[PDB]
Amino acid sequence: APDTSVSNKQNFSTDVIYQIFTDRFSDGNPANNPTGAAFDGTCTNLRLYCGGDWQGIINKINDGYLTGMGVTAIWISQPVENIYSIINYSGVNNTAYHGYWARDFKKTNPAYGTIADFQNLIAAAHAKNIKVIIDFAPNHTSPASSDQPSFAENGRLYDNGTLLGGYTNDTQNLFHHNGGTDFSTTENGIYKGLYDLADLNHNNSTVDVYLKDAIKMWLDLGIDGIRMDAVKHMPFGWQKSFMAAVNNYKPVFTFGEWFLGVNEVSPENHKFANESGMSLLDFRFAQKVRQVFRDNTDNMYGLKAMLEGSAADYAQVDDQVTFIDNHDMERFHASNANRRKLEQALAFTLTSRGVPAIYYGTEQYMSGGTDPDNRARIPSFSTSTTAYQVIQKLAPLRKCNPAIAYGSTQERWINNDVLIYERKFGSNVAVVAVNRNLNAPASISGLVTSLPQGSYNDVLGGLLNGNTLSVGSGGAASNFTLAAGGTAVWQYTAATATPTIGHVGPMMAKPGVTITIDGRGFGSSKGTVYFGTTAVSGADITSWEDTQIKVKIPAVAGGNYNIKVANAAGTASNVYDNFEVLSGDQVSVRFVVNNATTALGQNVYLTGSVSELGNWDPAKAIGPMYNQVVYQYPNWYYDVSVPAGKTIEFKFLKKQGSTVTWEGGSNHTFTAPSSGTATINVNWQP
């Protein structure tokens, strides 16, 4: 099947995601609606259930609301069973309508539907070429208090009906008892509870194995993607071992939520996106777009810096999921603001790099402050709004113009309020012009593009006051005026003759797993796939066509490789780097080193005899290690993903900048468990 097929679970760059808050979308089956003080059919009390369910989503997929909009993928609320308790926070009642208060990850939330309804959702969705993504929050269970075992459900966790434990009297140690986080540091936000939510302890083998078996159930139900909740609050080492469990079984596009505020650029956020096995929601992109198009606290020069910077910090910037708002932010559209601002933001996002995600109701101009006002029931299913049509015109372009799905980004014209960028991929080009100034037109002269000589009509058809572009020799565009609030999209598409890799997924897996390589110009007959210098051809290449290649990862040593293909004629393609081959199945192990004193700015790291530990290369050491919560300096600890059942040699080192100080003595040695977790405690050797 082609790279744009609905069956492509490893690539979402040609798709447009529609985020649905199940409960606030459509009540297709009133028979499963909660009752009593936990229900409000008028949906005036935004903290109780309103009735939205999966049957309702199915109806909206069948009457053409979503398909007519150009949507090709939906992201729904966590499907697992939540608590049934109505929590009272100072007078106001609260329900798990949002789906983030899990009690059993192997069952469904009755309010949304049964396992059967879920299967029908997958069938109905796929039938209309729509992929299904589920939210998954393995960081915690539900609101709990060790003091009030009566409060809510004490954060109790069940394994398909069978009770495993509660937050109070947690002798089994399923949860963390370190207090609550203040978001002061990364370590603090990971090992301490998020708000009043029972923080799960992934170092516990029962919890580790339980969550990995639970996710496999949903993979077998046929989901196409996964949005990991609060990935910023779980051990990165464990999450990497979790992504390996997913990728070594049934690979699916996964992205996590790492919240970033305005003007916040975190090096840790980047490192997590580059080597954890999953991508991330692009908060850096979302916050900047808000500053330039919504609040006007930054100009087009700041938007340009964000685009150029992110393309350098993210190894696979094309996997980051973009958006302009969500369930944790004020609706982009302010009730009194001009609508053209939301429209331009949509046009910008839909034609930019990454995977576009639209929050439900955006196309209907919904307004609303922070939670829960930003989660009101969608007011109507009208297709006559301007925003609906903008999405309708641009969404399909990610499927037919690979320049938008996999293309590079380049600034071709710019000033305070105007930005004209070009997307390019092979023989495909897309030029987008945006003028945020709603009161002043702009005289654009000196615009150069990669577009062939000729005339180009605005793809938006002038919907946002766009105009026709007249291009001469050398791609030099003829002078023209860009209307106030103007937005135009011009493009050119043609067959690509040279093999061009536009995407690869998964980006981390053990030998034997099949990966998907998408692009253009691969030819119709089998060629060769290279993992570094190792050539792969013949049977191990399960399928090969012009836009997609499926090949099994060769049994090579664990490490980082560059992917490269060649058609039957032997013409090589571009290189796609940062692909990681695991040493085998993974397990999460906690390393602890005692009496490792250091000087300010100097930190302790871990290195070892396997690729998962950097193969003795200080530049690839694991760390910095933690020393505040679970263990305190001079004792350091860190959760690492390592090959299961392998005997590993390792040493710790202190690093200040690129200056390394090795641990004395011989290597420490140990054999990782074949399953579950383990904790290695050793002393620093002088």
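Counting begins at 1, following the sequence as shown.
- On average the C-alpha atoms of 180-188 have higher B-factors than those of the other stretch, with 348-356 and 180-188 being the two compared.
- Comparing the deposited coordinates for 439-447 and 169-177, the stretch with the larger average C-alpha B-factor is 169-177.
- Per the deposited coordinates, the residue with the largest Cα temperature factor out of 224, 577, 257, 313 is 577.
- Annotation for 599, 582, 418, 125: 599 ranks highest, by Cα B-factor.
- When all modelled residues of the chain are sorted by CA temperature factor, residue 53 is found within the middle third.
- In the deposited entry, the Cα temperature factor of residue 7 sits in the middle third of values across the chain's modelled residues.
- Looking at the C-alpha B-factors along this chain, the one for residue 663 belongs to the highest third.
- Sorting the modelled residues of the chain by their CA temperature factor places residue 63 in the middle third.
- Sort the modelled residues of the chain by CA B factor and residue 452 lands in the highest third.
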